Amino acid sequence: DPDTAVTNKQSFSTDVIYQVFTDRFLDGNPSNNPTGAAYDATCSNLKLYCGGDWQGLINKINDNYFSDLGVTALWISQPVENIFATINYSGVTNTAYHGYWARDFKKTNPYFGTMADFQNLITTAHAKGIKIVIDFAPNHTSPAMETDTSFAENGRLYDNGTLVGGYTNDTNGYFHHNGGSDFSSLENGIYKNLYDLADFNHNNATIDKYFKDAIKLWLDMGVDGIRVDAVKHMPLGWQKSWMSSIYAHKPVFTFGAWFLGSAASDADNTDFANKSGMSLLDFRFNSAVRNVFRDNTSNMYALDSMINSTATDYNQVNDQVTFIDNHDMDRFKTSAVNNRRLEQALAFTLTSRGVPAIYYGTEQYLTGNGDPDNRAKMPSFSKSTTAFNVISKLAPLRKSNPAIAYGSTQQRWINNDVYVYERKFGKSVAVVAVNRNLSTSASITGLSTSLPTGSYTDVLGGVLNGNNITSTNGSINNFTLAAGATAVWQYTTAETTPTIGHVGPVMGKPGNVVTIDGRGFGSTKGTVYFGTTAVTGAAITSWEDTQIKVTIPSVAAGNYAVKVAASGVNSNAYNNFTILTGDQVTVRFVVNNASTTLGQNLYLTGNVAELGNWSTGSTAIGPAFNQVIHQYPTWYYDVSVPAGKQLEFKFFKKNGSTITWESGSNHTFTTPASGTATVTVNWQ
């Protein structure tokens, strides 16, 4: 199967995701519409239901709205059953139209459709070569008040009809009862309620099993990717464990939402993206893009800086999901923001690194500030807008040109208003030039690219006032980049040598199957390398010129680099591939009496790769928590660790560069075969 096909559940780099709020798109079947006060046929009261459902998505796939638009994947609202009650928030009536107020993760939301409608959606999508990604929120259920059970549905959870439990009288501790987060710290936001939403206590084995089971259900229905909600409000440890169970079953591209306010590096966010097993919605990319194109608060240098900075911080930048806007911010379009700028931001995104996502209605220049105003009904299906055009012309390049999907980025020319960058992968190159200035053109001189000698046409056919160029061994002849212009020139050729473009997923236990997408692998089954270990024959389940499916060998757990060797020729190395010890389980380490010095933090390390393998650096677990679940001088941390294994571990305090360990012997604990556990020790 080519890396490009719809069957590629492990990589979304050659795709273009279209994020759509199911209720606001198209009510294909009015027979499932809510009844009474929860419904608004006109769709003027954005807090109520408008009727949009799965049949609507099906319809638009069938009449090629999406196929002509160029999108190759749909990201939909959370498919599960949500609370039926209505909530009056200080005068205003609110409904679960957004899909975020889950009540039963094992059943579908009747308003969107049935199980059948859903399967029918998967089938129709795959038939047109469109992947399906689902929103999934395991952090909570619905809004609930501990004291008043008559508010909404008191956060009650169901296991395919069977009641598991509500927020009040939660004797079993299925939820956290530590008040509501004030967002003052990472820990405060993980173990307290996100507003009035009942927060799941994932340390509870029932809850742990429920979510692994529940996700298997949807994977088994053929979903191709998962968008995890509120990753910054759940423990990294649990999540990683959860992720390894997903990858051991049916690996699918998975990314989360860790909100950020600027393009500035955020340590925790970087750490999550590199250690959790999933990637993230790229908020740094978003900010920089808006500062430059929408708000005029930054110039091209800010944009280039972010490109570099992000590429440096994230292990696999090609896995971050990019966008110009979405449901958590103002629509890109304002009366004060002109069309050409929106169009430029699209073109920029479509050609830049990562996995691009377009919030529905962007092609129709939809406006709307704040929640719920930015989630208005799809206004029209005209295929005539300039923006609709750009998407259809640029999107396909993600599949046809590997420089775009897998390439690096090099700044070729820049100044306050002009930016010219180059995407390159093997012999395939792509050059994009943008002039955000709306009134004045720019004379470009001395531009060099890797474009071979020849004359190149603007891939956009001049619709954004682009021009053609002539290369003489990279040296492009002088030309003028018109006002508000943007052009794409590219060169594609067949790769002759093995060259890896993507590997998915990048975490697993021996025995799993990963996907290696690239070029020049040739059709002769060669050899795969995990560090020094050669993997050949039957262990390589599939081999093609552009994609290899291989099985993780039984080597020591750790960080590896992956190489493909085709016909004695070695390819480039894809770094930071994590090999786990085996199945995972989440364990909460607790240590008492660990008093510290001002600015001194407590960490944890032990005898397995998952605990750092006795390291005191970036591989050590921590810094531990000491406020919500357990107060200082007791510290705690939820860590993903190997199932049924005897572990040796010790805590250690670190301030500046001086390390102080626990004395005595190492602590030992044998982990359960599955589920979760708590182990409490005393600082030595």
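One-based numbering along the sequence shown.
- With 135-143 and 573-581 compared on mean CA B-factor from the PDB entry, the stretch scoring higher is 573-581.
- In this entry, the higher average B-factor at the C-alpha atoms falls on 667-675, of the pair 6-14 and 667-675.
- You'll see in the entry that, of 247, 293, 521, 406, the Cα B factor peaks at 521.
- Comparing the listed residues 71, 500, 345, 329, the entry records the largest Cα B-factor for 500.
- In this PDB entry, the Cα temperature factor of residue 415 sits in the middle third of its chain's modelled residues.
- Looking at the C-alpha B-factors along this chain, the one for residue 45 belongs to the highest third.
- In the PDB entry, a CA B factor belonging to the lowest third of its chain's modelled residues is recorded for residue 609.
- Remark: residue 59 belongs to the middle third of its chain, ranked by C-alpha B-factor as recorded.
- Sort the chain's modelled residues by C-alpha temperature factor and residue 622 lands in the lowest third, per the entry.
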